[PDB]
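Q:
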Amino acid sequence: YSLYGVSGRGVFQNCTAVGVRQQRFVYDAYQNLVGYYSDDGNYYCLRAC
Amino acid sequence: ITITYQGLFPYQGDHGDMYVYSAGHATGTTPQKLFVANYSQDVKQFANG
């Protein structure tokens, strides 16, 4: 993928359902994003390589 | 996720500044003088908001 200001390499899946949903990432306690948003409008949660 | 995070917050137990707005003077039929606190002369420092 290559999203807005963020790079990265991930395996998107239609996951559920944890986030903010108004701004459009979700991190897990580090710099990484685990990982949905951005698609319109679902939950494409990402993973590491 | 839980985390420690360093951002702009109010402090625990802060009573803050209280403000109240009031009905004005009135007769039975007619509003008269406004009724207010001295807030306009109390200029505060913005600092961090």
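Sequences listed follow chains B and C, in order. For the first sequence, the entry's author numbering gives the first residue as 606, with consecutive numbering after it. For the second sequence, the entry's author numbering gives the first residue as 67, with consecutive numbering after it. Note that the Cβ used here is the ideal one computed from N, Cα and C, for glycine as well.
1. By a C-beta neighbour count over all protein chains shown, 10 Å radius and 16 as the cutoff for buried, is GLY640(B) buried or exposed?
2. Counting C-beta neighbours from all protein chains within 10 Å, is the total for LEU651(B) 16 or more, i.e. buried, or is it exposed?
3. Can you tell me which of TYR649(B), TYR635(B), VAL623(B) puts its alpha carbon nearest to the alpha carbon of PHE617(B)?
4. I want to check one thing, is the minimum distance from the CB of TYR642(B) to the heavy atoms of the ligand FMN below 7 angstroms?
5. Using a Cβ distance threshold of 8 angstroms, determine whether the stretch 607-622 of chain B contacts the stretch 633-647 of chain B, with at least three qualifying pairs required.
6. Contact defined as beta carbons within less than 8 angstroms: I believe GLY90(C) pairs with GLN98(C). What is the distance between those atoms, to the nearest angstrom?
7. Please return the same chain residues whose Cβ sits closer than 8 angstroms to the Cβ of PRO76(C), not counting the five positions on each side in sequence.
8. Sort out for me which residues DSSP pairs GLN618(B) with in a bridge.
A: Per the coordinate set shown:
1. Buried.
2. Flag for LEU651(B) reads buried.
3. Its Cα nearest to that of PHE617(B), the residue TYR649(B) stands out among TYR649(B), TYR635(B), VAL623(B).
4. Summarising the ligand content, the structure contains no ligands, and the ligand FMN is consequently not present.
5. Yes, since at least three Cβ pairs between the stretch 607-622 of chain B and the stretch 633-647 of chain B fall closer than 8 angstroms, the two stretches touch.
6. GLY90(C) to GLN98(C), Cβ: 7 angstroms. Contact.
7. Once the five neighbours on either side are set aside, the close Cβ partners of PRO76(C) are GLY82.
8. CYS650(B), per the DSSP bridge assignment.
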